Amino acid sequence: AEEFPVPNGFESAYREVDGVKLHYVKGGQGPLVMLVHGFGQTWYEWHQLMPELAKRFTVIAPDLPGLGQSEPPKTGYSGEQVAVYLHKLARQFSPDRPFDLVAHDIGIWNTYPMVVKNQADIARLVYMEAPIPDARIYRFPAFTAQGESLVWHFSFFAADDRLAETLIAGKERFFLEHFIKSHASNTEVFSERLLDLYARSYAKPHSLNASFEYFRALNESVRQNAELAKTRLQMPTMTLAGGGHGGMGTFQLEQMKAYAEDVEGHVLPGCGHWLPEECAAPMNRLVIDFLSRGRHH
């Protein structure tokens, strides 16, 4: 069985990486592009981009360790530890050529270290809708004059006593709908059915815990990145952010300018945090065009 429907022409498969069984969905021919999802989701957030991209590229979309159908990491959930798994997975499929990387949400946290440490392996980079973990995250407010803030969940999820698992278990679908919609401009794209699929995946006990372990490692990731960021990113980079309710707006590009020498950015009006679903058509277009400036099938 599969947690999410696989697009025609794609295969669902697994590879062992450093003793951890990773799930991914793969299709297409040409140079490799790896797409990395974030919290609340799985490889499936990429399912609309995948067929289009596969016309020019070999496309792989893994489940993050512990999430979707991937085994939890055996090292840890800090950015540097998780990035090893994703880097090695990509290199199994693209051993002789650099590959492209597209990441969303905590996919950024879990890839930045392998990007900065293996720059010759990364042809082009697309980052959307999440801060790279650094001191900037400590500036986001706990509360706003309009109600709940964007990232109060960093504290909820990082809290000890398994606070998040204990409160959310048995209410996974309820919580995820609130969380997704509170970070969305276009809530209509999240059908009850789509929410059911995502909720059932992250409700698996080991996946519910894995979800929050990424946040419990966030401060460690910030400390790791403080050292890593001494080396600037040199590859062509594009940032995308939502300009609507729930989005990061200008923050995405402004932060990335501190990290990357060669970066262009777009803010998408009328779109929140969940770009691949809320604004599939323009997001897909911008990603396909940016990656197609390089050689492809």
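Don't overthink the numbering: it's just position in the shown sequence, from 1.
When the mean C-alpha temperature factors of 103 to 111 and 90 to 98 are read from the deposited coordinates, 90 to 98 comes out higher.
As recorded in the PDB entry, 257 to 265 is the stretch of 38 to 46 and 257 to 265 with the greater mean C-alpha temperature factor. Set against one another, the Cα B-factors of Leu67, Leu32, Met238, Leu228 in the record reach their highest point at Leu228. The PDB entry gives the largest Cα B-factor of the residues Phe140, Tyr85, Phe190, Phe156 to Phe190. The entry lists a Cα temperature factor for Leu194 that places it in the highest third of the chain's modelled residues. Ranked by C-alpha B-factor against the other modelled residues of its chain, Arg216 falls in the lowest third. Looking at the C-alpha B-factors along this chain, the one for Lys204 belongs to the middle third. In the PDB entry, a CA B factor belonging to the lowest third of its chain's modelled residues is recorded for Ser78. Ranked by Cα temperature factor within the chain, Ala120 sits in the highest third according to the deposited record.
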